[PDB]
Amino acid sequence: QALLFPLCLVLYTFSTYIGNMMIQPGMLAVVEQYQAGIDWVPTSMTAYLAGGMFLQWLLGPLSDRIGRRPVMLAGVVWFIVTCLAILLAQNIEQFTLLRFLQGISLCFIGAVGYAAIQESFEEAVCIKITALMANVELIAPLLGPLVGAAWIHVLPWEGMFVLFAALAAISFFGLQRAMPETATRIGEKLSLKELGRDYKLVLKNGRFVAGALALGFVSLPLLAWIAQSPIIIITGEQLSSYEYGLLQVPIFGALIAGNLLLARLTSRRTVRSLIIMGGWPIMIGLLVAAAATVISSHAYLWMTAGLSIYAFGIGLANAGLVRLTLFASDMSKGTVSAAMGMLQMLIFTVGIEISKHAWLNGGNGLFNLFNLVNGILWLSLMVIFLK
Ligand SMILES: O=C(N[C@H](CO)[C@H](O)c1ccc([N+](=O)[O-])cc1)C(Cl)Cl
Ligand SMILES: [Pr+3]
Ligand SMILES: [Pr+3]
């Protein structure tokens with residue numbers, strides 16, 4: 001009678017994702033309007049992502065105790081408020097803090113929204129819902145930059161946050177009528193001390209931590225590209241929004257192509273073999289982008305080629321490493337998931353800032369060299385992690 005639930009959670013998820021991806025290309029208009037330096041462009045995403053790791057560890061056990069409905073709806077509202085509130089920001093510092101506060105809305109998708117999905121639907125229907133969510137996450141970083149660039153060509157950046165709030169508002173009402181209460185520990189006491197002990201315990205698991213760290217390092221080059229390609233292409237290479245948008249296609253296309261191959265190969269390949277398989281394009285790609293731009297600072301097409309090859313590798317290898325990492329720890333999936341979520345966003349957050357300084361100080365060469373060491377760190381962890 002009511003499938004409005006998973007569909008509205010999907011719409012919310014989509015909106016928090018363009019909440020990131022549509023904004024990055026817009027950030028050039030943003031810093032122009034505040035008369036802030038281009039160094040604040042990538043920090044927009046850093047702050048957004050830092051918000052995404054802020055309440056991770058807490059929302060799951062909390063929504064288990066007080067209800068999935070109140071917590072989930074609260075997150076959607078928080079998203080609406082913080083999106084609107086950024087229109088009143090008076091300087092880039094204030095703009096960035098709000099990016100952070102908006103980012104907290106991310107924590108609600110996995111820890112409480114998705115947990116409600118698992119506690120509602122048949123193990124078969126739940127698979128198709130998760131498939132749709134994965135498609136959304138795969139399409140957002142492709143569509144976002146393109147839509148974002150075409151948006152600021154005709155409309156003010158403030159408009160984008162109105163769009164995000166509107167979409168999430170639609171999504172609020174759909175969840176208000178169709179989301180069931182599935183929390184199993186309603187009324188039970190939540191102990192922050194026991195929660196801390198849970199997390200101290202998961203982190204002592206060496207094999208788990210290596211896999212979690214590896215996921216962060218390996219995805220970092222992709223996130224660093226999202227954060228910085230606007231300043232790399234437009235302000236750096238003196239190119240237009242058209243080239244910026246176009247260079248996105250081979251990169252996230254290859255990501256998609258990588259996940260598609262993974263779909264076809266999975267019945268005749270173990271997770272272990274697909275990771276080793278992905279390792280070749282992951283490494284070759286990063287190597288190519290680094291060598292080329294060391295050789296020639298402005299070889300941005302070689303750079304895009306390298307990153308496409310790398311992105312294909314990620315498509316093939318990551319989901320399998322996610323699975324192994326999840327099952328490398330025997331503790332509650334809520335706890336294990338939030339732990340691996342926080343570990344990798346720690347790497348993204350710090351990594352984008354280091355990346356930004358690499359590019360500001362040494363240009364494309366440094367940008368790509370830093371990406372290469374991240375791949376090497378993944379590779380290093382995989383030699384130990386695989387057995
Ligand atoms: O980097 C990737 N994404 C993962 C999730 O699979 C990463 O943890 C992530 C999560 C959220 C996000 N966001 O909404 O801005 C970005 C990256 C790709 Cl490997 Cl799919
Ligand atoms: Pr306990
Ligand atoms: Pr416990």
# chains A, B, ... in the order shown; residues from 1 in each chain; ligands from 1
$ residues_near_ligand --ligand "ligand 2" --cutoff "12 Å" --atoms "only C-alpha atoms and all ligand atoms" --output "list in words"
residues 190, 191, 192, 193, 194, 195, 196, 197, 198, 199, 200, 201, 331 and 332 of chain A
$ write_last_selection --atoms "N, CA, C and O atoms" --output "mmCIF file, in the first residue's frame"
data_model
loop_
_atom_site.group_PDB
_atom_site.id
_atom_site.type_symbol
_atom_site.label_atom_id
_atom_site.label_comp_id
_atom_site.auth_asym_id
_atom_site.auth_seq_id
_atom_site.Cartn_x
_atom_site.Cartn_y
_atom_site.Cartn_z
ATOM 1 N N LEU A 190 20.081 4.460 26.900
ATOM 2 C CA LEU A 190 21.274 4.593 26.074
ATOM 3 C C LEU A 190 22.450 5.036 26.940
ATOM 4 O O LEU A 190 22.405 6.099 27.570
ATOM 5 N N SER A 191 23.488 4.203 26.978
ATOM 6 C CA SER A 191 24.709 4.504 27.714
ATOM 7 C C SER A 191 25.836 4.910 26.764
ATOM 8 O O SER A 191 26.287 4.103 25.942
ATOM 9 N N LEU A 192 26.283 6.162 26.884
ATOM 10 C CA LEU A 192 27.412 6.670 26.102
ATOM 11 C C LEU A 192 28.729 5.986 26.482
ATOM 12 O O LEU A 192 29.662 5.940 25.682
ATOM 13 N N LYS A 193 28.791 5.454 27.701
ATOM 14 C CA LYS A 193 29.962 4.710 28.173
ATOM 15 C C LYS A 193 30.071 3.337 27.504
ATOM 16 O O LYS A 193 31.161 2.921 27.096
ATOM 17 N N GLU A 194 28.942 2.641 27.390
ATOM 18 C CA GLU A 194 28.895 1.357 26.687
ATOM 19 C C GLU A 194 29.135 1.522 25.190
ATOM 20 O O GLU A 194 29.745 0.660 24.554
ATOM 21 N N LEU A 195 28.647 2.634 24.645
ATOM 22 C CA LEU A 195 28.869 2.989 23.248
ATOM 23 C C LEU A 195 30.353 3.241 22.965
ATOM 24 O O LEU A 195 30.885 2.786 21.949
ATOM 25 N N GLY A 196 31.020 3.946 23.877
ATOM 26 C CA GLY A 196 32.465 4.159 23.795
ATOM 27 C C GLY A 196 33.258 2.864 23.839
ATOM 28 O O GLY A 196 34.231 2.705 23.099
ATOM 29 N N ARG A 197 32.834 1.944 24.707
ATOM 30 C CA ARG A 197 33.459 0.623 24.859
ATOM 31 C C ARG A 197 33.292 -0.226 23.604
ATOM 32 O O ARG A 197 34.211 -0.948 23.210
ATOM 33 N N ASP A 198 32.115 -0.133 22.989
ATOM 34 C CA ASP A 198 31.868 -0.743 21.686
ATOM 35 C C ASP A 198 32.901 -0.281 20.667
ATOM 36 O O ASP A 198 33.537 -1.106 20.008
ATOM 37 N N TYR A 199 33.085 1.037 20.565
ATOM 38 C CA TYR A 199 33.988 1.606 19.565
ATOM 39 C C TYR A 199 35.459 1.362 19.850
ATOM 40 O O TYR A 199 36.234 1.105 18.932
ATOM 41 N N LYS A 200 35.838 1.423 21.122
ATOM 42 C CA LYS A 200 37.199 1.079 21.517
ATOM 43 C C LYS A 200 37.503 -0.372 21.145
ATOM 44 O O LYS A 200 38.618 -0.693 20.726
ATOM 45 N N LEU A 201 36.488 -1.228 21.256
ATOM 46 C CA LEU A 201 36.613 -2.646 20.908
ATOM 47 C C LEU A 201 36.775 -2.896 19.404
ATOM 48 O O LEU A 201 37.635 -3.687 19.013
ATOM 49 N N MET A 331 31.250 -7.715 15.426
ATOM 50 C CA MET A 331 30.340 -6.889 16.212
ATOM 51 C C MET A 331 29.144 -6.398 15.399
ATOM 52 O O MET A 331 29.087 -6.582 14.176
ATOM 53 N N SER A 332 28.183 -5.802 16.098
ATOM 54 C CA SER A 332 26.975 -5.244 15.499
ATOM 55 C C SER A 332 27.269 -4.454 14.221
ATOM 56 O O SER A 332 28.180 -3.619 14.191
#
$ residues_near_ligand --ligand "ligand 1" --cutoff "9 Å" --atoms "only C-alpha atoms and all ligand atoms" --output "ChimeraX atom specification"
/A:13-14,16-21,45,48-49,52,103,106,134,137-138,140-141,215-216,218-223,255,311,314-315,317-319,322,340-342,344-345,348
$ write_last_selection --atoms "N, CA and C atoms" --output "CSV table (one decimal), in the first residue's frame"
chain,number,residue,atom,x,y,z
A,13,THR,N,18.2,11.2,0.2
A,13,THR,CA,19.6,10.7,-0.1
A,13,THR,C,20.2,11.5,-1.3
A,14,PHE,N,19.4,11.5,-2.4
A,14,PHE,CA,19.8,12.2,-3.6
A,14,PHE,C,20.0,13.7,-3.3
A,16,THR,N,20.8,15.3,-0.4
A,16,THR,CA,22.0,15.5,0.4
A,16,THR,C,23.3,15.3,-0.4
A,17,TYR,N,23.2,14.6,-1.5
A,17,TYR,CA,24.4,14.3,-2.3
A,17,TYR,C,24.7,15.4,-3.4
A,18,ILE,N,23.6,15.9,-4.0
A,18,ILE,CA,23.8,17.1,-4.8
A,18,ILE,C,24.0,18.3,-3.9
A,19,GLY,N,23.5,18.2,-2.7
A,19,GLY,CA,23.9,19.1,-1.6
A,19,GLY,C,25.4,19.3,-1.6
A,20,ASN,N,26.1,18.3,-2.0
A,20,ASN,CA,27.6,18.4,-2.2
A,20,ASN,C,28.0,18.7,-3.6
A,21,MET,N,27.5,17.8,-4.5
A,21,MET,CA,28.0,17.8,-5.9
A,21,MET,C,27.6,18.9,-6.8
A,45,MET,N,33.5,21.4,0.7
A,45,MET,CA,33.2,19.9,0.8
A,45,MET,C,33.8,19.3,2.0
A,48,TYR,N,31.4,20.0,4.7
A,48,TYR,CA,30.2,19.1,4.5
A,48,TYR,C,30.5,17.7,5.0
A,49,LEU,N,31.6,17.1,4.5
A,49,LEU,CA,32.0,15.8,4.9
A,49,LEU,C,32.3,15.6,6.4
A,52,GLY,N,29.3,15.0,8.1
A,52,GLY,CA,28.9,13.6,7.8
A,52,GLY,C,29.4,12.5,8.8
A,103,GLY,N,26.1,19.2,6.5
A,103,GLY,CA,26.7,17.9,6.4
A,103,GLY,C,26.2,16.8,7.4
A,106,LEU,N,23.8,14.0,6.5
A,106,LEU,CA,24.3,12.7,5.9
A,106,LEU,C,24.2,11.6,6.9
A,134,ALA,N,22.3,2.9,-4.3
A,134,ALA,CA,23.6,2.8,-5.0
A,134,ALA,C,23.7,3.4,-6.3
A,137,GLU,N,23.7,7.3,-5.7
A,137,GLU,CA,25.0,7.7,-5.2
A,137,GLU,C,26.0,7.7,-6.4
A,138,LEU,N,25.8,6.9,-7.4
A,138,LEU,CA,26.7,6.7,-8.6
A,138,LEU,C,26.4,7.8,-9.6
A,140,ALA,N,24.8,11.0,-8.9
A,140,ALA,CA,24.9,12.3,-8.3
A,140,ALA,C,26.3,13.0,-8.6
A,141,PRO,N,27.4,12.3,-8.4
A,141,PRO,CA,28.7,13.0,-8.8
A,141,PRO,C,28.9,13.2,-10.3
A,215,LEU,N,39.9,1.8,2.4
A,215,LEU,CA,38.8,2.4,1.7
A,215,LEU,C,38.8,3.9,1.6
A,216,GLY,N,39.2,4.5,2.7
A,216,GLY,CA,39.4,5.9,2.7
A,216,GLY,C,40.6,6.4,1.8
A,218,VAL,N,41.9,4.9,-0.7
A,218,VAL,CA,41.7,4.5,-2.1
A,218,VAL,C,40.7,5.5,-2.8
A,219,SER,N,39.7,5.9,-2.1
A,219,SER,CA,38.7,6.8,-2.6
A,219,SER,C,39.1,8.3,-2.6
A,220,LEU,N,40.1,8.6,-1.8
A,220,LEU,CA,40.5,10.0,-1.6
A,220,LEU,C,40.8,10.7,-2.9
A,221,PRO,N,41.6,10.1,-3.9
A,221,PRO,CA,41.8,10.8,-5.1
A,221,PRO,C,40.5,11.2,-5.9
A,222,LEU,N,39.5,10.4,-5.8
A,222,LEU,CA,38.2,10.7,-6.4
A,222,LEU,C,37.5,11.9,-5.7
A,223,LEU,N,37.5,11.9,-4.4
A,223,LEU,CA,36.9,13.0,-3.6
A,223,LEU,C,37.8,14.3,-3.8
A,255,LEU,N,33.7,5.1,-13.5
A,255,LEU,CA,33.3,4.6,-12.2
A,255,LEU,C,32.1,3.6,-12.4
A,311,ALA,N,39.3,5.4,-11.7
A,311,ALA,CA,37.9,5.4,-11.2
A,311,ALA,C,37.2,4.0,-11.6
A,314,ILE,N,38.2,1.5,-9.0
A,314,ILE,CA,37.4,1.8,-7.8
A,314,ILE,C,36.1,1.1,-7.9
A,315,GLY,N,35.4,1.3,-9.1
A,315,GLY,CA,34.1,0.7,-9.4
A,315,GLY,C,34.2,-0.8,-9.2
A,317,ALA,N,36.6,-2.6,-7.4
A,317,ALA,CA,37.2,-3.1,-6.2
A,317,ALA,C,36.5,-2.7,-4.9
A,318,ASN,N,35.9,-1.6,-4.8
A,318,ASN,CA,35.5,-1.0,-3.5
A,318,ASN,C,34.4,-1.8,-2.8
A,319,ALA,N,33.3,-2.1,-3.5
A,319,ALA,CA,32.2,-2.8,-2.9
A,319,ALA,C,32.6,-4.1,-2.2
A,322,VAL,N,34.4,-3.2,0.9
A,322,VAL,CA,33.4,-2.8,1.9
A,322,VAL,C,32.9,-4.1,2.5
A,340,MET,N,33.6,2.2,10.2
A,340,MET,CA,34.2,2.3,8.9
A,340,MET,C,33.8,3.6,8.2
A,341,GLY,N,32.6,4.1,8.4
A,341,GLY,CA,32.2,5.4,7.9
A,341,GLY,C,33.0,6.6,8.4
A,342,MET,N,33.2,6.6,9.7
A,342,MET,CA,34.0,7.7,10.3
A,342,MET,C,35.5,7.6,10.0
A,344,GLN,N,36.9,6.5,7.2
A,344,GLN,CA,37.2,6.9,5.9
A,344,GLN,C,36.9,8.4,5.6
A,345,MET,N,35.9,9.0,6.3
A,345,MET,CA,35.6,10.4,6.2
A,345,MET,C,36.7,11.3,6.9
A,348,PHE,N,39.1,11.4,4.1
A,348,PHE,CA,38.6,12.4,3.1
A,348,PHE,C,38.8,13.8,3.5
$ closest_residue --among "A:161, A:57, A:40, A:95" --to "ligand 3" --atoms "only C-alpha atoms and all ligand atoms"
A:57
$ select_by_dssp --residues "stretch 170-263 of chain A" --states "alpha helix (DSSP H)" --output "ChimeraX atom specification"
/A:170-178,192-203,206-229,241-263
$ closest_atom_pairs --of "stretch 153-262 of chain A" --to "stretch 350-363 of chain A" --cutoff "9 Å" --atoms "only C-alpha atoms" --output "JSON lines"
{"residue": "A:217", "atom": "CA", "partner": "A:351", "partner_atom": "CA", "distance": 8.3}
{"residue": "A:220", "atom": "CA", "partner": "A:351", "partner_atom": "CA", "distance": 6.6}
{"residue": "A:221", "atom": "CA", "partner": "A:352", "partner_atom": "CA", "distance": 8.6}
{"residue": "A:223", "atom": "CA", "partner": "A:352", "partner_atom": "CA", "distance": 7.3}
{"residue": "A:224", "atom": "CA", "partner": "A:352", "partner_atom": "CA", "distance": 5.3}
{"residue": "A:225", "atom": "CA", "partner": "A:352", "partner_atom": "CA", "distance": 8.9}
{"residue": "A:227", "atom": "CA", "partner": "A:352", "partner_atom": "CA", "distance": 7.1}
{"residue": "A:228", "atom": "CA", "partner": "A:356", "partner_atom": "CA", "distance": 7.2}
{"residue": "A:232", "atom": "CA", "partner": "A:359", "partner_atom": "CA", "distance": 8.2}
{"residue": "A:236", "atom": "CA", "partner": "A:363", "partner_atom": "CA", "distance": 8.4}
$ residues_around --residues "residue A:69" --least-positions-apart "5" --cutoff "12 Å" --atoms "only C-alpha atoms" --output "PDB file with N, CA, C and O atoms, in the first residue's frame"
ATOM      1  N   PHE A   5       7.780   5.265   1.310  1.00  0.00           N
ATOM      2  CA  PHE A   5       8.866   5.278   2.293  1.00  0.00           C
ATOM      3  C   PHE A   5      10.270   5.162   1.672  1.00  0.00           C
ATOM      4  O   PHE A   5      11.043   6.119   1.744  1.00  0.00           O
ATOM      5  N   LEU A   9      13.069   8.236   1.076  1.00  0.00           N
ATOM      6  CA  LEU A   9      14.410   8.109   1.629  1.00  0.00           C
ATOM      7  C   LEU A   9      15.447   8.237   0.512  1.00  0.00           C
ATOM      8  O   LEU A   9      16.493   8.855   0.698  1.00  0.00           O
ATOM      9  N   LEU A  59      23.524   8.194  16.124  1.00  0.00           N
ATOM     10  CA  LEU A  59      22.151   8.172  15.630  1.00  0.00           C
ATOM     11  C   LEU A  59      21.528   6.781  15.634  1.00  0.00           C
ATOM     12  O   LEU A  59      20.340   6.635  15.926  1.00  0.00           O
ATOM     13  N   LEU A  62      20.697   5.598  19.167  1.00  0.00           N
ATOM     14  CA  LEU A  62      19.695   6.560  19.640  1.00  0.00           C
ATOM     15  C   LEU A  62      18.321   6.334  18.995  1.00  0.00           C
ATOM     16  O   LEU A  62      17.302   6.302  19.691  1.00  0.00           O
ATOM     17  N   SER A  63      18.295   6.181  17.672  1.00  0.00           N
ATOM     18  CA  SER A  63      17.040   5.940  16.958  1.00  0.00           C
ATOM     19  C   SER A  63      16.485   4.552  17.282  1.00  0.00           C
ATOM     20  O   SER A  63      15.299   4.288  17.090  1.00  0.00           O
ATOM     21  N   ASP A  64      17.358   3.673  17.768  1.00  0.00           N
ATOM     22  CA  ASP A  64      16.962   2.351  18.233  1.00  0.00           C
ATOM     23  C   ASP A  64      16.191   2.473  19.548  1.00  0.00           C
ATOM     24  O   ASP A  64      15.324   1.654  19.848  1.00  0.00           O
ATOM     25  N   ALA A  74      13.632  14.469  12.037  1.00  0.00           N
ATOM     26  CA  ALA A  74      14.448  15.541  12.609  1.00  0.00           C
ATOM     27  C   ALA A  74      15.636  15.896  11.709  1.00  0.00           C
ATOM     28  O   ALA A  74      15.942  17.077  11.518  1.00  0.00           O
ATOM     29  N   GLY A  75      16.290  14.870  11.160  1.00  0.00           N
ATOM     30  CA  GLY A  75      17.418  15.059  10.244  1.00  0.00           C
ATOM     31  C   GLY A  75      17.019  15.770   8.962  1.00  0.00           C
ATOM     32  O   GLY A  75      17.737  16.657   8.484  1.00  0.00           O
ATOM     33  N   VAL A  76      15.869  15.388   8.406  1.00  0.00           N
ATOM     34  CA  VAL A  76      15.368  16.008   7.172  1.00  0.00           C
ATOM     35  C   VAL A  76      15.070  17.499   7.402  1.00  0.00           C
ATOM     36  O   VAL A  76      15.381  18.341   6.550  1.00  0.00           O
ATOM     37  N   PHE A 108      22.194  10.607   8.911  1.00  0.00           N
ATOM     38  CA  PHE A 108      20.851  10.057   9.085  1.00  0.00           C
ATOM     39  C   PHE A 108      20.495   8.976   8.063  1.00  0.00           C
ATOM     40  O   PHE A 108      19.632   8.141   8.324  1.00  0.00           O
ATOM     41  N   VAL A 112      20.058   5.478  10.477  1.00  0.00           N
ATOM     42  CA  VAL A 112      18.646   5.412  10.889  1.00  0.00           C
ATOM     43  C   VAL A 112      17.667   5.151   9.734  1.00  0.00           C
ATOM     44  O   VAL A 112      16.771   4.315   9.866  1.00  0.00           O
ATOM     45  N   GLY A 113      17.850   5.837   8.611  1.00  0.00           N
ATOM     46  CA  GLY A 113      17.009   5.607   7.434  1.00  0.00           C
ATOM     47  C   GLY A 113      17.146   4.181   6.925  1.00  0.00           C
ATOM     48  O   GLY A 113      16.164   3.438   6.850  1.00  0.00           O
ATOM     49  N   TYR A 114      18.378   3.802   6.596  1.00  0.00           N
ATOM     50  CA  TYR A 114      18.681   2.487   6.046  1.00  0.00           C
ATOM     51  C   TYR A 114      18.394   1.357   7.033  1.00  0.00           C
ATOM     52  O   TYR A 114      17.933   0.288   6.637  1.00  0.00           O
ATOM     53  N   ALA A 115      18.674   1.595   8.313  1.00  0.00           N
ATOM     54  CA  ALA A 115      18.357   0.635   9.370  1.00  0.00           C
ATOM     55  C   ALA A 115      16.846   0.380   9.484  1.00  0.00           C
ATOM     56  O   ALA A 115      16.421  -0.721   9.828  1.00  0.00           O
ATOM     57  N   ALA A 116      16.048   1.407   9.196  1.00  0.00           N
ATOM     58  CA  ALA A 116      14.592   1.286   9.144  1.00  0.00           C
ATOM     59  C   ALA A 116      14.156   0.426   7.951  1.00  0.00           C
ATOM     60  O   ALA A 116      13.199  -0.342   8.055  1.00  0.00           O
ATOM     61  N   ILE A 117      14.870   0.562   6.832  1.00  0.00           N
ATOM     62  CA  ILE A 117      14.632  -0.232   5.624  1.00  0.00           C
ATOM     63  C   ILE A 117      14.895  -1.725   5.870  1.00  0.00           C
ATOM     64  O   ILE A 117      14.088  -2.572   5.478  1.00  0.00           O
ATOM     65  N   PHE A 172      10.187  15.099   3.145  1.00  0.00           N
ATOM     66  CA  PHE A 172       9.775  15.085   4.551  1.00  0.00           C
ATOM     67  C   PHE A 172       8.354  14.551   4.665  1.00  0.00           C
ATOM     68  O   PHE A 172       8.091  13.634   5.447  1.00  0.00           O
ATOM     69  N   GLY A 174       6.489  12.819   2.553  1.00  0.00           N
ATOM     70  CA  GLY A 174       6.423  11.407   2.175  1.00  0.00           C
ATOM     71  C   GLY A 174       6.827  10.451   3.286  1.00  0.00           C
ATOM     72  O   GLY A 174       6.221   9.390   3.448  1.00  0.00           O
ATOM     73  N   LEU A 175       7.851  10.828   4.049  1.00  0.00           N
ATOM     74  CA  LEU A 175       8.298  10.047   5.205  1.00  0.00           C
ATOM     75  C   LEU A 175       7.358  10.224   6.394  1.00  0.00           C
ATOM     76  O   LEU A 175       7.200   9.318   7.212  1.00  0.00           O
ATOM     77  N   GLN A 176       6.745  11.400   6.487  1.00  0.00           N
ATOM     78  CA  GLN A 176       5.785  11.690   7.544  1.00  0.00           C
ATOM     79  C   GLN A 176       4.546  10.780   7.467  1.00  0.00           C
ATOM     80  O   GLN A 176       3.963  10.446   8.494  1.00  0.00           O
ATOM     81  N   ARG A 177       4.155  10.368   6.264  1.00  0.00           N
ATOM     82  CA  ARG A 177       2.985   9.497   6.120  1.00  0.00           C
ATOM     83  C   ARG A 177       3.297   7.996   5.995  1.00  0.00           C
ATOM     84  O   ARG A 177       2.509   7.164   6.450  1.00  0.00           O
ATOM     85  N   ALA A 178       4.443   7.656   5.402  1.00  0.00           N
ATOM     86  CA  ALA A 178       4.718   6.271   4.991  1.00  0.00           C
ATOM     87  C   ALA A 178       5.855   5.533   5.713  1.00  0.00           C
ATOM     88  O   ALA A 178       6.041   4.331   5.494  1.00  0.00           O
ATOM     89  N   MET A 179       6.611   6.228   6.559  1.00  0.00           N
ATOM     90  CA  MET A 179       7.703   5.578   7.290  1.00  0.00           C
ATOM     91  C   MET A 179       7.178   4.885   8.546  1.00  0.00           C
ATOM     92  O   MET A 179       6.559   5.533   9.388  1.00  0.00           O
ATOM     93  N   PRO A 180       7.418   3.565   8.671  1.00  0.00           N
ATOM     94  CA  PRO A 180       6.985   2.818   9.853  1.00  0.00           C
ATOM     95  C   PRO A 180       7.985   2.903  10.999  1.00  0.00           C
ATOM     96  O   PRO A 180       9.181   3.095  10.767  1.00  0.00           O
ATOM     97  N   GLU A 181       7.488   2.764  12.226  1.00  0.00           N
ATOM     98  CA  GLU A 181       8.354   2.701  13.396  1.00  0.00           C
ATOM     99  C   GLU A 181       8.868   1.278  13.613  1.00  0.00           C
ATOM    100  O   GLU A 181       8.093   0.366  13.907  1.00  0.00           O
ATOM    101  N   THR A 182      10.181   1.103  13.470  1.00  0.00           N
ATOM    102  CA  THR A 182      10.797  -0.226  13.502  1.00  0.00           C
ATOM    103  C   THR A 182      11.858  -0.388  14.594  1.00  0.00           C
ATOM    104  O   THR A 182      12.407  -1.478  14.771  1.00  0.00           O
ATOM    105  N   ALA A 183      12.146   0.692  15.322  1.00  0.00           N
ATOM    106  CA  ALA A 183      13.095   0.640  16.435  1.00  0.00           C
ATOM    107  C   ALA A 183      12.701  -0.460  17.414  1.00  0.00           C
ATOM    108  O   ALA A 183      11.539  -0.556  17.817  1.00  0.00           O
ATOM    109  N   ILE A 186      12.941   0.644  21.914  1.00  0.00           N
ATOM    110  CA  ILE A 186      12.170   1.775  22.438  1.00  0.00           C
ATOM    111  C   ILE A 186      11.987   1.663  23.955  1.00  0.00           C
ATOM    112  O   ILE A 186      11.483   0.655  24.457  1.00  0.00           O
TER     113      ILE A 186
END
$ atom_distance --atom1 "atom CA of residue A:283" --atom2 "atom CA of residue A:373"
10.0 Å
$ decode --residues "stretch 45-63 of chain A" --atoms "N, CA and C atoms" --output "PDB file, in the first residue's frame"
ATOM      1  N   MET A  45      33.502  21.365   0.709  1.00  0.00           N
ATOM      2  CA  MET A  45      33.237  19.933   0.771  1.00  0.00           C
ATOM      3  C   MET A  45      33.828  19.294   2.027  1.00  0.00           C
ATOM      4  N   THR A  46      35.028  19.731   2.397  1.00  0.00           N
ATOM      5  CA  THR A  46      35.670  19.249   3.608  1.00  0.00           C
ATOM      6  C   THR A  46      34.727  19.422   4.791  1.00  0.00           C
ATOM      7  N   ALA A  47      34.143  20.618   4.912  1.00  0.00           N
ATOM      8  CA  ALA A  47      33.227  20.904   6.017  1.00  0.00           C
ATOM      9  C   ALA A  47      31.961  20.045   5.913  1.00  0.00           C
ATOM     10  N   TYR A  48      31.359  19.998   4.728  1.00  0.00           N
ATOM     11  CA  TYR A  48      30.216  19.115   4.477  1.00  0.00           C
ATOM     12  C   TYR A  48      30.479  17.688   4.957  1.00  0.00           C
ATOM     13  N   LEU A  49      31.616  17.128   4.542  1.00  0.00           N
ATOM     14  CA  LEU A  49      31.974  15.759   4.912  1.00  0.00           C
ATOM     15  C   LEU A  49      32.283  15.595   6.403  1.00  0.00           C
ATOM     16  N   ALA A  50      32.913  16.607   7.000  1.00  0.00           N
ATOM     17  CA  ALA A  50      33.203  16.587   8.438  1.00  0.00           C
ATOM     18  C   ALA A  50      31.909  16.493   9.247  1.00  0.00           C
ATOM     19  N   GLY A  51      30.861  17.166   8.771  1.00  0.00           N
ATOM     20  CA  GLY A  51      29.524  17.045   9.346  1.00  0.00           C
ATOM     21  C   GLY A  51      28.986  15.631   9.224  1.00  0.00           C
ATOM     22  N   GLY A  52      29.282  14.986   8.096  1.00  0.00           N
ATOM     23  CA  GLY A  52      28.865  13.604   7.834  1.00  0.00           C
ATOM     24  C   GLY A  52      29.415  12.541   8.779  1.00  0.00           C
ATOM     25  N   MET A  53      30.480  12.864   9.511  1.00  0.00           N
ATOM     26  CA  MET A  53      31.079  11.920  10.463  1.00  0.00           C
ATOM     27  C   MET A  53      30.830  12.327  11.910  1.00  0.00           C
ATOM     28  N   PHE A  54      30.137  13.445  12.092  1.00  0.00           N
ATOM     29  CA  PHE A  54      29.913  14.010  13.410  1.00  0.00           C
ATOM     30  C   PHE A  54      28.986  13.183  14.311  1.00  0.00           C
ATOM     31  N   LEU A  55      27.841  12.751  13.783  1.00  0.00           N
ATOM     32  CA  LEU A  55      26.835  12.067  14.609  1.00  0.00           C
ATOM     33  C   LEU A  55      26.606  10.595  14.260  1.00  0.00           C
ATOM     34  N   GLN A  56      27.359  10.114  13.272  1.00  0.00           N
ATOM     35  CA  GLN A  56      27.373   8.719  12.822  1.00  0.00           C
ATOM     36  C   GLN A  56      27.185   7.698  13.953  1.00  0.00           C
ATOM     37  N   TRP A  57      28.138   7.716  14.882  1.00  0.00           N
ATOM     38  CA  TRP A  57      28.263   6.770  15.988  1.00  0.00           C
ATOM     39  C   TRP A  57      27.079   6.773  16.952  1.00  0.00           C
ATOM     40  N   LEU A  58      26.237   7.800  16.850  1.00  0.00           N
ATOM     41  CA  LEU A  58      25.224   8.088  17.856  1.00  0.00           C
ATOM     42  C   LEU A  58      23.799   7.846  17.378  1.00  0.00           C
ATOM     43  N   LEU A  59      23.524   8.194  16.124  1.00  0.00           N
ATOM     44  CA  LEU A  59      22.151   8.172  15.630  1.00  0.00           C
ATOM     45  C   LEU A  59      21.528   6.781  15.634  1.00  0.00           C
ATOM     46  N   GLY A  60      22.336   5.771  15.316  1.00  0.00           N
ATOM     47  CA  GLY A  60      21.890   4.381  15.253  1.00  0.00           C
ATOM     48  C   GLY A  60      21.339   3.865  16.567  1.00  0.00           C
ATOM     49  N   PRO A  61      22.196   3.776  17.603  1.00  0.00           N
ATOM     50  CA  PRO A  61      21.734   3.382  18.936  1.00  0.00           C
ATOM     51  C   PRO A  61      20.668   4.315  19.533  1.00  0.00           C
ATOM     52  N   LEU A  62      20.697   5.598  19.167  1.00  0.00           N
ATOM     53  CA  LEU A  62      19.695   6.560  19.640  1.00  0.00           C
ATOM     54  C   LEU A  62      18.321   6.334  18.995  1.00  0.00           C
ATOM     55  N   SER A  63      18.295   6.181  17.672  1.00  0.00           N
ATOM     56  CA  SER A  63      17.040   5.940  16.958  1.00  0.00           C
ATOM     57  C   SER A  63      16.485   4.552  17.282  1.00  0.00           C
TER      58      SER A  63
END
